[PDB]
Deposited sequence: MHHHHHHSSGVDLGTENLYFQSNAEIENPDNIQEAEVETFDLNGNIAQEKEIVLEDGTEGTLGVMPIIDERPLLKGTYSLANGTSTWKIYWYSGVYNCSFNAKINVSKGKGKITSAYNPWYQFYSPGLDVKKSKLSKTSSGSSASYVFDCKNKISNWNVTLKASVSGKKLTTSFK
């Protein structure tokens, strides 16, 4: 039940009030750049008119493959009247494949999360913000 693994496939539905609902599956902007052998420390951050946040990530590249050995020193300043940061959390995957600083936010009309993530694979450091 799959033609090509290039486009999104969705199941649609119309709710009792005539509102569309989409259940979908899809195969799959970021910052990436080279690393060096041994251990290194990095400040991973994001800055905008609304969200500003960062943390430190210690990485260790043994052989030609590295991982995040520690994620610490979480900082943040969010400017926006009425915004409520219900929760914030910095965590590292057991493998150390990545670290994420996640904020669960809320205002008068919405609830959502924002995420600053750092990923290490081989000798490559990738960051993202969603």
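- Residues of the deposited sequence lacking C-alpha coordinates fall in the stretches 1 to 39, 68 to 73, numbered from 1.
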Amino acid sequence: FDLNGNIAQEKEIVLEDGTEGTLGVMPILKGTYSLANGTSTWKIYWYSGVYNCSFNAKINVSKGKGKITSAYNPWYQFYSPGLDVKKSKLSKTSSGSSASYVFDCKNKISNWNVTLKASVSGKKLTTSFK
From here on, numbers count along this sequence of modelled residues.
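- In this entry, 60 to 68 shows the higher mean Cα temperature factor of the pair 60 to 68 and 44 to 52.
- For the pair 102 to 110 and 116 to 124, the mean Cα B-factor is higher in 116 to 124.
- In this structure the maximum Cα B-factor among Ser91, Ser88, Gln77, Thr32 is found at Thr32.
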